[PDB]
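Each of two forms of one protein chain follows alone as structure tokens, named structure 1 and structure 2.
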Structure 1
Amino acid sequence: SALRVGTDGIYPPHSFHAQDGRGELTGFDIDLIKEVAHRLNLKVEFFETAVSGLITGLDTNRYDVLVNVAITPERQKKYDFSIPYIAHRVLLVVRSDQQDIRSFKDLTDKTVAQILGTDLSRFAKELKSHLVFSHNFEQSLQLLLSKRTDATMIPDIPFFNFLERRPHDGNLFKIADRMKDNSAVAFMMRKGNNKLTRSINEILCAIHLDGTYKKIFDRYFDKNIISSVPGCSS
């Protein structure tokens, strides 16, 4: 039988297409949930969904597992999470010549880009910027350098991914602040899916042990920069 998985499919390197959008669905999260499926003896079924419809696809039962979801207390209330399988940090990016903005605390009434997908709206309310949405990091960079924005807030994973893709890119921008603590990310299911949560959990543990979590991680992230999560025990 089939393990139905919803995703946006446009968040490199979590869930993206091989290039210009025309190659297969791939990414760290994808290979991992595929691995999980293989180990539950299931053929995985992907449901690419617009960012706005990702949770409501769960609620609606278009699919059963949702990829690349940050744990929030109110999500733990209403849904089931797996054990965390990766984490990220928010970075604050600005123009190289920017001097008035040096911290998350400097963003008050400044206009600040967030790339859709990155789920940063709630963290950004507190902050208390006037917030705009960009399609990808390149788009935001065009806004940043032209001054249509005062900053972009982006999670590190995608940031550093951009830097590996385009690694001789001007030094036209910089990191002005970095989230000290980091934020756990996991698979999300409807509340009640409990047989399903413990298996995922169980497989994720067995994936860590036998060396596959590492394999898959190194395929996509630099271990030196990007935070992993913990291992397991036999």
Structure 2
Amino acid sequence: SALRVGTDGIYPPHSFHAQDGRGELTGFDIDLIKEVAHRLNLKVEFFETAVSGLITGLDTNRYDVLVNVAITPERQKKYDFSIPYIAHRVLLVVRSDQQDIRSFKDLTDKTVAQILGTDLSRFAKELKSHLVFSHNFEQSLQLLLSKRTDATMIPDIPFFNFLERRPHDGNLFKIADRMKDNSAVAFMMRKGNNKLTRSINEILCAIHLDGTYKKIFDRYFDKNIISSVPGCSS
């Protein structure tokens, strides 16, 4: 019996292909949902889709779980989430010599790279920024480097992953601003299978309690920069 998971595998360190993009799907969220599946005695099956098509596949029952989804009011009304399993902080990233962008408000009438069909893309359009649509976070940062855009709103997790992979490029960017709060991130499912949701939850707590959560987290993130969520009790 299968746990069907939708992802886009061009998003290190969440979901990506080993061997410089040529081998097996791996990443924090990939390893976690695999462990979840393993402990539920389910066969995991992955299905890879461009981010703008991820929620559609969930809606039409092509798969049953999406990974690394930020909880928002509208999504909570329409879908079921797991307990949060990580938190990210939205950053405003610019070239290191940029001077006229000091706040999210400053993005009005500036050129900003975002991913089509994402909430940060929606935010940028609402600020009356000028969008250039990228296919993932690596490309948003490349568009920023190359001067196609003057900023990108990007969560900390993929930004710091880029600095870890490309340290000599780090000096070309700076954080101009950050959201005042971090954001809970969870697995997202269609409403109406409370049973699967409660099962994933119980298993996520088990994974915290036995040290496996910390193992997987420290494989992919630096604990001094990226926030974890609380553990559980027994």
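Take the two forms, find the largest set of C-alpha atoms that superpose within 1.5 Å, and that set is the rigid core. Every residue number counts along structure 1's sequence, beginning with 1.
Q: Indicate whether residue 118 shows a C-alpha shift of 2 Å or more between structure 1 and structure 2, with the rigid core used for the fit.
A: Residue 118: C-alpha displaced by 2 Å or more between structure 1 and structure 2.
Q: Could you tell me whether the Cα atom of residue 134 shifts by at least 2 Å between structure 1 and structure 2 after core superposition?
A: Comparing the forms between structure 1 and structure 2, which are aligned on their rigid core, residue 134 does shift its C-alpha by 2 Å or more.
Q: Would you say residue 75 moves between structure 1 and structure 2, meaning its CA shifts by 2 Å or more once the core is fitted?
A: Comparing forms between structure 1 and structure 2, the residue 75 CA shifts below 2 Å.
Q: Could the core-superposed CA displacement of residue 20 between structure 1 and structure 2 be given in angstrom, to one decimal?
A: Residue 20 C-alpha displacement between structure 1 and structure 2, core-aligned: 3.5 Å.
Q: By how many angstrom is the Cα of residue 93 displaced between structure 1 and structure 2 when the rigid core is overlaid?
A: On core superposition, this C-alpha lies 1.4 Å from its counterpart.
Q: After superposing on the rigid core, what is the C-alpha displacement of residue 204 between structure 1 and structure 2, in Å?
A: Taking the core as reference, the C-alpha of residue 204 is shifted 0.3 Å.
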